[PDB]
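Visitor: Take a look at this one; I'll ask things after.
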Amino acid sequence: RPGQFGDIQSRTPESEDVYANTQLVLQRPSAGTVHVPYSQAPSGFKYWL
Amino acid sequence: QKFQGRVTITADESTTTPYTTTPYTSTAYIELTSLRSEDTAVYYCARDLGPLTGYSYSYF
Amino acid sequence: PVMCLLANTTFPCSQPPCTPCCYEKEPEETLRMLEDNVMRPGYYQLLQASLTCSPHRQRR
C-alpha cells in the first residue's frame with residue numbers, strides 16, 4: 001500500500017517482476033507551461049528509514 | 001549632457017504579474033523637441049546589457 | 001488659473017517666479033516659495049517648472 005513499508009516490492013534483488021502501488025495521478029498542466037505535473041505517495045522506504 | 005532637456009525617453013508597463021512564460025516584450029518612445037535642421041539624422045533603438053552585467057556601462 | 005505666494009508678490013502656479021534655470025541661478029532664493037507653498041495645491045506645478053519638467057531647457 002502507498003506511503004508505507006513495501007509500497008514497491010521485488011521477488012529478488014535482480015528480478016524484473018516489480019510490483020508497485022504508489023497511487024500516481026497525472027494532473028493538468030497550467031499557464032501555457034510545457035511540463036508534466038503529478039501526485040504520488042512519497043517512497044514508503046524513504047519514510048521507513 | 002547634450003540631450004538632457006532637449007529629449008524625453010520613456011516606456012510603457014509591459015506586465016506587472018510574476019509571469020510571462022509567453023515571449024517577453026518591451027516598448028520604448030523618444031521625443032525630440034525644438035527641432036533645428038542640424039538635428040537631422042537616422043535614429044536607432046538598441047538593446048543594452050549594462051544593468052544585467054553588474055550595472056556596467058553599455059555595449060549594444 | 002490659480003496664484004502662488006512669493007513673499008508679498010503673486011504669480012500663476014504653472015508659471016515661474018524667476019527664469020531661466022530657476023534653482024541653478026539662486027538656491028537660497030528658490031528656498032522662499034518651498035518654505036510655505038507646502039499646503040498649496042500648486043506646489044507640484046511650481047516644483048516641475050523650478051526643478052524637473054524639462055531639465056531647465058526645452059519641452060516635456
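Chain identifiers are assigned as A, B, and so on, following the order in which chains appear in the C-alpha cells; residues are numbered from 1 within each chain, and ligands are numbered from 1 in order of appearance.
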Residue 8 (chain C): which residues within 12 Å, counting only C-alpha atoms, same-chain residues fewer than 5 positions away excluded, as a VMD selection string?
Guide: chain C and resid 3 17 32 to 33
Visitor: Would you mind listing what lies within 6 Å of residue 58 (chain C) as a list in words, with only C-alpha atoms counted and same-chain residues fewer than 4 positions away left out?
Guide: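 After dropping sequence-adjacent residues, the list is residues 5 and 6 of chain B; 54 of chain C.
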Visitor: Between A:25, A:4, A:20, A:33, single out the one closest to residue 46 (chain A), counting only C-alpha atoms.
Guide: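 Of all the options, A:4 lies closest to residue 46 (chain A).
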Visitor: Using only C-alpha atoms, tabulate the residues of chain A lying at most 12 Å from any atom of chain B, each with its closest atom pair and that distance in Å to one decimal, by chain and increasing residue number, as JSON lines.
Guide:
```
{"residue": "A:30", "atom": "CA", "partner": "B:21", "partner_atom": "CA", "distance": 10.7}
{"residue": "A:31", "atom": "CA", "partner": "B:21", "partner_atom": "CA", "distance": 7.7}
{"residue": "A:32", "atom": "CA", "partner": "B:21", "partner_atom": "CA", "distance": 7.1}
{"residue": "A:33", "atom": "CA", "partner": "B:21", "partner_atom": "CA", "distance": 7.0}
{"residue": "A:34", "atom": "CA", "partner": "B:21", "partner_atom": "CA", "distance": 9.9}
```
Visitor: How would the residues just picked look written out with C-alpha atoms as a PDB file, in the first residue's frame?
Guide:
```pdb
ATOM      1  CA  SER A  30      -1.025  25.141 -16.309  1.00  0.00           C
ATOM      2  CA  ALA A  31      -0.407  28.705 -17.599  1.00  0.00           C
ATOM      3  CA  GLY A  32       0.892  27.595 -21.042  1.00  0.00           C
ATOM      4  CA  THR A  33       3.832  25.705 -19.430  1.00  0.00           C
ATOM      5  CA  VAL A  34       5.237  22.610 -21.279  1.00  0.00           C
TER       6      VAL A  34
END
```
Visitor: Counting only C-alpha atoms, what is within 7 Å of residue 41 (chain A), bar same-chain residues fewer than 6 positions away, as number ranges by chain?
Guide: A: 2-3, 22-23
Visitor: For N, CA and C atoms, I'd like the residues from the last selection saved as an mmCIF file, in the first residue's frame.
Guide:
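Now in part.cif:
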```cif
data_model
loop_
_atom_site.group_PDB
_atom_site.id
_atom_site.type_symbol
_atom_site.label_atom_id
_atom_site.label_comp_id
_atom_site.auth_asym_id
_atom_site.auth_seq_id
_atom_site.Cartn_x
_atom_site.Cartn_y
_atom_site.Cartn_z
ATOM 1 N N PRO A 2 0.375 2.390 -0.555
ATOM 2 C CA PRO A 2 1.190 3.576 -0.772
ATOM 3 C C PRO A 2 1.671 4.225 0.515
ATOM 4 N N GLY A 3 2.874 4.786 0.495
ATOM 5 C CA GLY A 3 3.432 5.562 1.608
ATOM 6 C C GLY A 3 3.765 4.770 2.871
ATOM 7 N N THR A 22 2.009 3.097 -5.828
ATOM 8 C CA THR A 22 2.344 4.448 -5.365
ATOM 9 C C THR A 22 1.194 5.442 -5.496
ATOM 10 N N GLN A 23 0.059 5.017 -6.051
ATOM 11 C CA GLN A 23 -1.121 5.829 -6.356
ATOM 12 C C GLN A 23 -0.806 7.108 -7.139
#
```
Visitor: If we count only C-alpha atoms, which residues of chain B reach to within 9 Å of chain C? Please list them as a PyMOL selection string.
Guide: chain B and resi 4-8+31-34
Visitor: CA of residue 47 (chain B) to CA of residue 16 (chain B): how many Å, to one decimal?
Guide: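 Distance reported for this atom pair: 21.2 Å.
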Visitor: Can you pull out every residue from chain A that DSSP, working from the backbone, puts in strand (DSSP E or B), and format the result as number ranges by chain?
Guide: A: 8-10, 18-20, 25-26, 38-39
Visitor: Could you dump the residues just selected with C-alpha atoms as an mmCIF file, in the first residue's frame?
Guide:
```
data_model
loop_
_atom_site.group_PDB
_atom_site.id
_atom_site.type_symbol
_atom_site.label_atom_id
_atom_site.label_comp_id
_atom_site.auth_asym_id
_atom_site.auth_seq_id
_atom_site.Cartn_x
_atom_site.Cartn_y
_atom_site.Cartn_z
ATOM 1 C CA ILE A 8 7.284 -1.235 -4.072
ATOM 2 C CA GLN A 9 8.232 -4.938 -3.984
ATOM 3 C CA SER A 10 10.601 -7.195 -5.983
ATOM 4 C CA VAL A 18 8.343 -5.225 -9.874
ATOM 5 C CA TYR A 19 5.050 -4.709 -8.055
ATOM 6 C CA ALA A 20 4.263 -1.086 -7.162
ATOM 7 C CA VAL A 25 -2.067 10.521 -10.675
ATOM 8 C CA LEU A 26 -1.173 12.809 -13.606
ATOM 9 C CA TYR A 38 1.591 14.733 -10.922
ATOM 10 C CA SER A 39 0.797 13.495 -7.393
#
```
Visitor: Please identify all polymer residues within 10 Å of residue 50 (chain C), counting only C-alpha atoms, omitting same-chain residues fewer than 5 positions from it, and present them as a short mmCIF file (atom, residue, chain, number, x, y, z; two decimals) with N, CA and C atoms, in the first residue's frame.
Guide:
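This went into part15.cif:
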```cif
data_model
loop_
_atom_site.label_atom_id
_atom_site.label_comp_id
_atom_site.auth_asym_id
_atom_site.auth_seq_id
_atom_site.Cartn_x
_atom_site.Cartn_y
_atom_site.Cartn_z
N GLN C 15 3.37 79.07 -14.04
CA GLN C 15 4.44 79.99 -14.42
C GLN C 15 5.56 80.06 -13.36
N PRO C 16 6.78 80.45 -13.76
CA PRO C 16 7.89 80.63 -12.83
C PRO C 16 7.80 81.96 -12.05
N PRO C 17 8.38 82.03 -10.84
CA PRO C 17 8.66 83.30 -10.16
C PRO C 17 9.85 84.03 -10.79
N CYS C 18 10.87 83.27 -11.21
CA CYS C 18 12.13 83.73 -11.77
C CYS C 18 12.62 82.71 -12.81
N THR C 19 13.20 83.16 -13.91
CA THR C 19 13.70 82.32 -15.02
C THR C 19 14.77 83.09 -15.81
N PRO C 20 15.62 82.41 -16.61
CA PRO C 20 15.67 80.96 -16.85
C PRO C 20 16.31 80.19 -15.69
N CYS C 21 16.26 78.85 -15.75
CA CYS C 21 17.04 77.96 -14.88
C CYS C 21 16.92 78.25 -13.37
N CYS C 22 15.68 78.28 -12.86
CA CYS C 22 15.28 78.84 -11.56
C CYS C 22 16.24 78.54 -10.38
N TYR C 23 16.39 77.26 -10.01
CA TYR C 23 17.28 76.83 -8.92
C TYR C 23 18.76 77.08 -9.25
N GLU C 24 19.17 76.84 -10.50
CA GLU C 24 20.57 76.92 -10.93
C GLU C 24 21.12 78.35 -10.83
N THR C 30 15.42 80.39 -4.17
CA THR C 30 14.45 79.34 -4.53
C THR C 30 13.87 78.61 -3.30
N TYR C 44 3.23 71.11 -6.84
CA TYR C 44 3.82 70.24 -7.87
C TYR C 44 3.85 70.83 -9.29
N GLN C 45 3.09 71.89 -9.58
CA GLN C 45 3.26 72.68 -10.81
C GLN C 45 4.49 73.59 -10.69
N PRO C 55 14.50 69.32 -17.73
CA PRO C 55 15.84 69.69 -17.28
C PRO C 55 16.31 71.14 -17.55
N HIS C 56 15.45 72.10 -17.21
CA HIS C 56 15.67 73.55 -17.32
C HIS C 56 15.98 74.08 -18.73
#
```
Visitor: Between CA of residue 59 (chain B) and CA of residue 35 (chain B), what distance in Å does the model show, to one decimal?
Guide: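 Spanning CA of residue 59 (chain B) to CA of residue 35 (chain B) is a straight-line distance of 28.2 Å.
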Visitor: Which parts of chain C does DSSP call helix (DSSP H, G or I) when run on the backbone here, written out as a PyMOL selection string?
Guide: chain C and resi 22-25+27-34+37-39+43-51
Visitor: Counting only C-alpha atoms, what is within 12 Å of residue 12 (chain B), bar same-chain residues fewer than 5 positions away, as JSON, numbers by chain?
Guide: {"B": [25, 26, 27, 28, 29, 30]}
Visitor: Just to be explicit: take each residue in the selection above, keep N, CA, C and O atoms, and write the result as an mmCIF file, in the first residue's frame.
Guide:
```cif
data_model
loop_
_atom_site.group_PDB
_atom_site.id
_atom_site.type_symbol
_atom_site.label_atom_id
_atom_site.label_comp_id
_atom_site.auth_asym_id
_atom_site.auth_seq_id
_atom_site.Cartn_x
_atom_site.Cartn_y
_atom_site.Cartn_z
ATOM 1 N N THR B 25 8.272 41.111 -24.152
ATOM 2 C CA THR B 25 8.288 42.303 -24.998
ATOM 3 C C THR B 25 8.436 43.553 -24.140
ATOM 4 O O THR B 25 7.974 43.610 -22.998
ATOM 5 N N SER B 26 9.058 44.588 -24.687
ATOM 6 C CA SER B 26 9.092 45.904 -24.057
ATOM 7 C C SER B 26 9.049 47.004 -25.116
ATOM 8 O O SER B 26 9.555 46.850 -26.223
ATOM 9 N N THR B 27 8.376 48.103 -24.784
ATOM 10 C CA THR B 27 8.074 49.192 -25.723
ATOM 11 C C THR B 27 8.661 50.502 -25.223
ATOM 12 O O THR B 27 8.381 50.901 -24.096
ATOM 13 N N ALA B 28 9.434 51.196 -26.054
ATOM 14 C CA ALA B 28 10.062 52.473 -25.721
ATOM 15 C C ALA B 28 9.672 53.575 -26.714
ATOM 16 O O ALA B 28 9.380 53.314 -27.877
ATOM 17 N N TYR B 29 9.705 54.821 -26.265
ATOM 18 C CA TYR B 29 9.406 56.011 -27.048
ATOM 19 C C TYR B 29 10.454 57.088 -26.784
ATOM 20 O O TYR B 29 10.900 57.243 -25.649
ATOM 21 N N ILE B 30 10.807 57.870 -27.801
ATOM 22 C CA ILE B 30 11.679 59.038 -27.661
ATOM 23 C C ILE B 30 11.051 60.255 -28.324
ATOM 24 O O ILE B 30 10.617 60.192 -29.474
#
```
Visitor: State, in Å with one decimal place, the distance from CA of residue 27 (chain C) to CA of residue 2 (chain C).
Guide: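 If I compute the distance from CA of residue 27 (chain C) to CA of residue 2 (chain C), I get 24.5 Å.
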Visitor: Pick out the residues sitting within 12 Å of residue 36 (chain C), and hand them over as a list in words; count only C-alpha atoms, and ignore anything fewer than 5 positions along from it in its own chain.
Guide: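 The contact residues come out as residues 4, 5, 6, 7, 30, 31, 41, 42 and 43 of chain C.
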